[PDB]
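Here the structure is laid out as structure tokens; the discussion comes afterwards.
Order of the sequence lines fixes the chain letters, A, B, ..., with proteins taken first and strands second; residue numbering starts at 1 for each chain.
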Amino acid sequence: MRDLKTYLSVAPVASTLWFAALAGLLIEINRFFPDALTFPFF
Amino acid sequence: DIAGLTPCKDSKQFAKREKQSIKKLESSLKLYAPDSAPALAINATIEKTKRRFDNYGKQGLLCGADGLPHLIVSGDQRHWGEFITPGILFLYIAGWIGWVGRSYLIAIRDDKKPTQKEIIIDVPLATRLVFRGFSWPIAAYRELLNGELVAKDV
Amino acid sequence: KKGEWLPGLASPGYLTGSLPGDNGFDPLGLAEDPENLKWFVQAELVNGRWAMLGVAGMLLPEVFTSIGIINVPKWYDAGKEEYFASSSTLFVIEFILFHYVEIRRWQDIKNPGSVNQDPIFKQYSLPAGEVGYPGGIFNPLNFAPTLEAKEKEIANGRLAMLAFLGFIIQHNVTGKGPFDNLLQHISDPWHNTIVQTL
Amino acid sequence: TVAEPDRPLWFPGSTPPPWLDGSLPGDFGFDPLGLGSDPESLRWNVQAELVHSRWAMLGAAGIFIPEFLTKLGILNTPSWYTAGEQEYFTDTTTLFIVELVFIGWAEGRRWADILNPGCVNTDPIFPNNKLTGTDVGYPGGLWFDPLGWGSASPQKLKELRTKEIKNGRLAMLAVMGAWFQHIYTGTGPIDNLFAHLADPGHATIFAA
Ligand code: CLA
Ligand code: CLA
Ligand SMILES: CC(/C=C/C=C(C)/C=C/[C@@]12O[C@]1(C)C[C@@H](O)CC2(C)C)=C\C=C\C=C(C)\C=C\C=C(C)\C=C\[C@@]12O[C@]1(C)C[C@@H](O)CC2(C)C
Ligand SMILES: CC(/C=C/C=C(C)/C=C/[C@@]12O[C@]1(C)C[C@@H](O)CC2(C)C)=C\C=C\C=C(C)\C=C\C=C(C)\C=C\[C@@]12O[C@]1(C)C[C@@H](O)CC2(C)C
């Protein structure tokens, strides 16, 4: 259990989790706010 | 307007592009039964197209003779949304990331085996440190003044 | 027991408990270095005081106007009004004066006690106080600057800084005044809320 | 706090894992994936199983009792599955934000208790009130144990806590049961019960 959390902390796994979260986030942002060349809220 | 451009709300070429795009998607739409799912998808792309061109027209983008938005990065206050404002947002996020990573490296540097935490992340420490990036500009400014930002005689 | 902003959580070691308003709250470690802690003590003092005055001058003229006792423009609409001087002139006045005063205060932050006397009148100096609490002419009623007095100054300052934040963001979303917002809420609270405001 | 070597296990004949000695209430030796293998995670998961158990018991009540009464000529309460869509005296979102604030307070103090046992027992306004519990997950005090049934001898507290955890496990399985039933079948759980009682050989999973 402790060893498994350790394995899940290793560089490639933490990287896939981190960038997968980041990708879902950016995808959803471009889903609710698509296109957009500018920051329109000023 | 600026640089000889014209607002995209006033550009014939811009409206011609919106027209030709929409008619193109409708040419694809004529092939499918209007109740079908490909039809609903092409309708969604059409609505998204209208939203796109209408938003570019609204927010004041200038167009070239090509009928396409051109960005004014000179700093002209009418166009800060095109670079300066997203640029400040970027610098905030990038400064956040780098400040947090630097905080982690400083935190593990006196460990008995530093490289050990560079290949296997100390996630509790990382979670403790991620939100320091929220105030990274004050922290880094204070470090610059205090002399903790730059290593001495390097 | 000096008070805990998070009950379970321990205090940072660098928050001794000798500072007024010390509830052990520095989760991002901004005040870990002591010079940072001094500077931020003065910063919290000045932001808190200006925030108290500002929140007052934004909220009370409005409630007076809405009651009808007086007629004063909204705090955000006060800028557009006509005055006996060009707003540019007003700005240059304000800038010159603040440029003098703030730099004297700053001289006290760096080298305490150094600016305590009138540079014009060599008499009429200030007594030796603590950085951020000038005595003498600045305390005509000669109140006792003790704990609980400073703690109340900091408490009202923090509540007023939060208050100001609420005023600007509120007015941004609602397009009205803060007391107008309070009336709208007290009207039908379960149906007049930031939920319905968005 | 009493080891129980010869306790009845979930898998008769099997050997219990060394981190389950029978001291915990509801210890049948079941952790085949070693999820409570280290003491820290077992502590955490004991609190988890407890909270899940209590929420699932309240939920089993809120599904099964009103569905059962409204199935009779007693109440008019709607189906638990669709109760979220209903319009109450205000919008559900603002109700939910209320919920996140107050529940956030309670869960926050419980949180401080797990991370720092005892540090959270005093009323931050009226200190003379306080809480009597000395074990995490069983806070005691006038609020959470007014009848005092919670402060008692060991072996009695082990009996009662075992009852609580077993009821809560059953209730977890039952709540998810009504969930997957209402998704699979088209009715409330009591209709599944009656339809099954009429023809148990046929009206089952395999009637669809
Ligand atoms: C190629 C040379 C050049 C340069 C360098 C500039 C530079 C600038 N121009 Mg100009 N421009 C140029 C050519 C140039 N221009 C030409 C040839 C034209 C003719 C077309 C124009 C016409 C033009 C116009 C009409 C205007 C400008 C404006 C501006 C300013 C906009 C940015 C600003 O307002 O401040 C910066 C804005 C901020 C909000 C500052 C905050 C950002 C912070 C400091 C960075 C964040 C970092 C981080 C968070 C903190 C750091 C921490 C650290 C201590 C570690 C800027 C200084 C505008 C201006 O004057 O603005 C008033 C404007 O009116 N430009
Ligand atoms: C300084 C304290 C304070 C007080 C008591 C109020 C009071 C009120 N706010 Mg405001 N607000 C505040 C701060 C405060 N706010 C801050 C700091 C912000 C910036 C995020 C906002 C931004 C805000 C928005 C966007 C809106 C309100 C709105 C409202 C009204 C309805 C409440 C609501 O809809 O959700 C409340 C919204 C919040 C953001 C709450 C944040 C306040 C924090 C949690 C401090 C309060 C905790 C404190 C210990 C409890 C009360 C203490 C008080 C007696 C001093 C209400 C009269 C609504 C309104 O104007 O009605 C039309 C609404 O749209 N507020
Ligand atoms: C100065 C100020 C407001 C001043 C307002 C003024 C003068 C108003 C002036 C006028 O109204 C008049 C009177 C008349 C009107 O007609 C015109 C205007 C112009 C409107 C607010 C400060 C407001 C300041 C605020 C809100 C500061 C908030 C800081 C926070 C919350 C920091 C918290 C933490 O930093 C700690 C402490 C520890 C870290 O580890 C973690 C984090 C969380 C980072
Ligand atoms: C089943 C469940 C969990 C099951 C977990 C299992 C089997 C894990 C087993 C193991 O891991 C161990 C232990 C050890 C490992 O080595 C091996 C395995 C095998 C992996 C949780 C349910 C948990 C269920 C919960 C918490 C239910 C709570 C219900 C609430 C709060 C109320 C909801 C409602 O209010 C609404 C929303 C609307 C109303 O109309 C109706 C009501 C019902 C009132």
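- Under the 3.5 Å distance criterion, the side-chain polar atoms of B:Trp96 are matched with a main-chain donor or acceptor of B:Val130.
- Under a 3.5 Å cut-off, the side chain of B:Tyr104 and the backbone N or O of B:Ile121 do not form any donor-acceptor pair.
- No side-chain heavy atom of B:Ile108 sits less than 4.5 Å from a side-chain heavy atom of B:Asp122.
- Although no hydrogens or angles enter the test, the distance criterion places a donor-acceptor pair under 3.5 Å between the side chain of B:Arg102 and the main chain of B:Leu149.
- For chain A, the option among B:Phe83, B:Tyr56, B:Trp80 with the highest count of heavy-atom pairs below 4.5 Å is B:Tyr56.
- Of the atoms belonging to B:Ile119, it is backbone heavy atoms, and not side-chain ones, that fall under 4.5 Å from chain A.
- The one candidate from B:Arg51, B:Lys50, B:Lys48 that meets the salt bridge (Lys or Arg N to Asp or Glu O under 4.0 Å) condition with A:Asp35 is B:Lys48.
- At a heavy-atom separation below 4.5 angstrom, chain A is approached by no residue within residues 15-34 of chain B.
- The shortest distance between side-chain heavy atoms of B:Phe14 and B:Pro69 falls below 4.5 Å.
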Which pairs would a plain distance check flag for residues 3-29 of chain A, meaning a side-chain donor or acceptor within less than 3.5 Å of a matching protein atom at least two apart in sequence or in another chain?
residue	atom	partner	partner atom	Å
A:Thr6	OG1	A:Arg2	O	2.9
A:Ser9	OG	A:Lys5	O	2.9
A:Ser15	OG	A:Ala11	O	2.7
A:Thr16	OG1	A:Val13	O	2.8
A:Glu28	OE1	A:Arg31	NH1	2.5

